[PDB]
RNA sequence: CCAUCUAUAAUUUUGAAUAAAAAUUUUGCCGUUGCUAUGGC
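Residue numbers (the numbering used here), protein chains in the order written: chain U, 2 to 25; chain E, 3 to 37; chain G, 1012 to 1402; chain F, 5 to 143.
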């Protein structure tokens, strides 16, 4: 059964500018 | 308008060449109507 | 305690504004009033006025905010911007720019105006003329603030880039006049944005920008010389690219007029140390395919003797070789014969490069190798009559 | 920081417009000479025209999708303006024409289920014959 | 392929020093164990 288990496993732009200004 | 201020002789000619080439076609058509 | 309630409070405002039915959605209710002809005009004006206060209110918090609550305010902001159409959003916000007294809010407001036009079409042409006029009128006022001064220029650059030709001619000419004055601004950011606006404006106007030609190229060349001296400038790379892309823009739009000042263009390309070689080599290929090869060959001799020969810069020498080999492989048979005395005069200088070169043996051998292959190409593609005296 | 970001964004915008394939902003000297010379031919062979087409298409889809959203959304609100106007008897001349068209549209469709007049001629006669014998009522 | 010429690395002079400068010439991945060696896939 363990062998079968291994087989089973094997098969906004403004947002960025807005945050940067707050850092300054 | 043909801009002459601060432009060398060659640049002025290019403005003339574009204007005169375009105006020629209409002018040739105009003389044909009269002739 | 206090902060947790605010986190919940903006979640509460987000829930109502969220566009998760005609009666439920705030956006659809707004459209119905606008579409409904019988709706009183005064009622419409209230909708515009209320939104402006609403938009300013959310921006005030975002400006003065907490990571999770910062995200939520943007969720609220995203819902707010979509409440009403572009037609009314411009009418309700552009007046607010002058009204707003905070530099941060004005900076926020300019960005959102640009974003609304990112996904619009030709239906917004009459609107954009109104927007451009307001931005032009404010530009003298925000000369004090660098960030707002630069952002307004960037938004104008985008608006001119997108359906710029369709815009009325007066704004385009007025925009170009504005940029040329601001190229002299001491702030490097204003120089970069001003150069970008000139490139797009010159692209739209084409030959009609020739009246401004004395105010674009001669100042730009002088700007480049100052750029080399100030190597400590944190934006040196962006500035040098901006000057280069300006020439690339007008090399494609006004080749004949730039034909006279082509020597200074090549001076910028070779000695622009900060710019990557790929950028410099690409803008070179524009010169060959757009500007007459006869003048390039004539200029290539003067630039070599004056600057490149004594430069002792590997990138400058390699770029010079790339130009020369491109011209000879593209120059016409008639053109090659006419300019034969100039090229051979250049060739003799190249053969003598070993005497004055400070490089090691391998480089000079490699440089001479390329000099000989281009010479054979150029000596071929001629006739006996022209070559016999030269030999 | 924003000053740096805003400056880079503008310059990167120009690079795409004018020099598409060129990348964006973010040893022995003899070797350096050769690499630049090799870069010349490689850049010359790049299919820049293909790159412009991809940028055009991705932008076109976004605009087209957004345009449909406005067209789809305004149709909803247009219908609700009709709903309130007809209820309150505020029906305009244009509004009264759209509804009249719907009467024609719906009535036209129901004609298909109504069937042709010719078949009703024979069907009616058959119906009478079946009815008369079943219902009787002669007595 | 060989030779040559470069590149990389080491000793040395001015040098507090950086610096230039002549000059010369154990694993694909994951552990444990030392300051090296061997356990799993």
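Backbone N, C-alpha and C define an ideal beta-carbon position, used for all residues, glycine too.
Chain G within 7 angstroms of residue i, Cβ atoms only
i: residue 38 of chain E; result: Here chain E comprises residues numbered 3 to 37, so residue 38 of chain E is not present and cannot be evaluated.
i: residue 7 of chain U; result: no
i: residue 4 of chain U; result: no
i: residue 15 of chain E; result: no
i: residue 55 of chain F; result: no
i: residue 130 of chain F; result: no
i: residue 10 of chain E; result: yes
Chain F within 7 angstroms of residue i, Cβ atoms only
i: residue 1080 of chain G; result: no
i: residue 21 of chain U; result: yes
i: residue 1042 of chain G; result: yes
i: residue 1357 of chain G; result: no
i: residue 1197 of chain G; result: no
i: residue 1203 of chain G; result: yes
i: residue 1290 of chain G; result: yes
i: residue 1207 of chain G; result: yes
i: residue 1350 of chain G; result: no
Beta carbon of residue i nearer than 7 angstroms to that of residue j
i: residue 16 of chain U; j: residue 1085 of chain G; result: yes
i: residue 1204 of chain G; j: residue 1161 of chain G; result: yes
i: residue 1355 of chain G; j: residue 1308 of chain G; result: no
i: residue 1235 of chain G; j: residue 1254 of chain G; result: yes
i: residue 1230 of chain G; j: residue 1194 of chain G; result: yes
i: residue 1370 of chain G; j: residue 33 of chain F; result: yes
i: residue 95 of chain F; j: residue 1260 of chain G; result: no
i: residue 1083 of chain G; j: residue 1021 of chain G; result: yes
i: residue 1257 of chain G; j: residue 1311 of chain G; result: no
i: residue 1221 of chain G; j: residue 5 of chain E; result: yes
i: residue 7 of chain F; j: residue 1200 of chain G; result: yes
i: residue 1240 of chain G; j: residue 1281 of chain G; result: no
i: residue 26 of chain F; j: residue 1156 of chain G; result: no
i: residue 1232 of chain G; j: residue 1275 of chain G; result: yes
i: residue 9 of chain F; j: residue 21 of chain U; result: yes
i: residue 1351 of chain G; j: residue 1279 of chain G; result: no
i: residue 1329 of chain G; j: residue 37 of chain F; result: yes
Nonlocal neighbours in the same chain, by C-beta distance under 8 angstroms from residue i, ignoring five residues either side
i: residue 1182 of chain G; result: 1140, 1143, 1144 and 1147
i: residue 1069 of chain G; result: 1084, 1087, 1088 and 1091
i: residue 32 of chain E; result: none
Chain-order list of residues whose beta-carbon lies under 7 angstroms from that of residue i (same chain, five-residue window excluded)
i: residue 1419 of chain G; result: Summary: the structure shown does not reach residue 1419 of chain G, with chain G confined to residues 1012 through 1402, and so no result is reported for it.
i: residue 1059 of chain G; result: 1099, 1102 and 1103
i: residue 1316 of chain G; result: 1360
i: residue 68 of chain F; result: none
i: residue 1290 of chain G; result: 1252 and 1255
i: residue 15 of chain F; result: 29
i: residue 1062 of chain G; result: 1094, 1095 and 1103
is_contact[residue i, chain U] using C-beta, thresh 7 angstroms
i: residue 1268 of chain G; result: no
i: residue 1072 of chain G; result: no
i: residue 6 of chain F; result: yes
Same chain, Cβ closer than 6 angstroms to residue i, five either side skipped, listed in chain order
i: residue 1072 of chain G; result: 1084
i: residue 1096 of chain G; result: none
i: residue 51 of chain F; result: none
i: residue 26 of chain E; result: none
i: residue 1382 of chain G; result: 1361
Contact with chain E by residue i, beta-carbon distance below 7 angstroms
i: residue 1346 of chain G; result: no
i: residue 1154 of chain G; result: no
i: residue 1230 of chain G; result: no
i: residue 1220 of chain G; result: no
i: residue 1050 of chain G; result: no
i: residue 1271 of chain G; result: yes
Proximity test, residue i beta-carbon vs the ligand HEM heavy atom, cut-off 6 angstroms
i: residue 14 of chain E; result: As for the ligand HEM, it is missing from this structure, which has no ligand bound.
(message) For the structure I just gave you, are there three or more beta carbon pairs, one from the region 1027-1037 of chain G and one from the region 1045-1064 of chain G, closer than 8 angstroms?
(response) no
(message) Does the contact criterion of 3 or more C-beta pairs under 8 angstroms hold for the region 31-41 of chain F versus the region 1374-1391 of chain G?
(response) yes
(message) Quick check: the region 1326-1346 of chain G against the region 1280-1300 of chain G, are at least 3 beta-carbon pairs closer than 8 angstroms?
(response) yes
(request) Determine contact between the region 1110-1128 of chain G and the region 49-59 of chain F, defined as no fewer than three beta-carbon pairs at a distance below 8 angstroms. (result) no
(request) Taking 8 angstroms as the threshold, find out whether the region 1264-1271 of chain G comes into contact with the region 12-21 of chain E through three or more Cβ pairs. (result) yes
(message) Three Cβ pairs or more, each shorter than 8 angstroms: is that satisfied between the region 1037-1047 of chain G and the region 81-88 of chain F?
(response) yes
(request) May I ask you to verify whether the region 1154-1170 of chain G touches the region 1117-1131 of chain G, counting CB pairs closer than 8 angstroms and requiring at least 3? (result) yes
(request) Indicate whether the contact test is met: 3 or more Cβ pairs, each with one atom in the region 1207-1215 of chain G and one in the region 1172-1191 of chain G, closer than 8 angstroms. (result) yes
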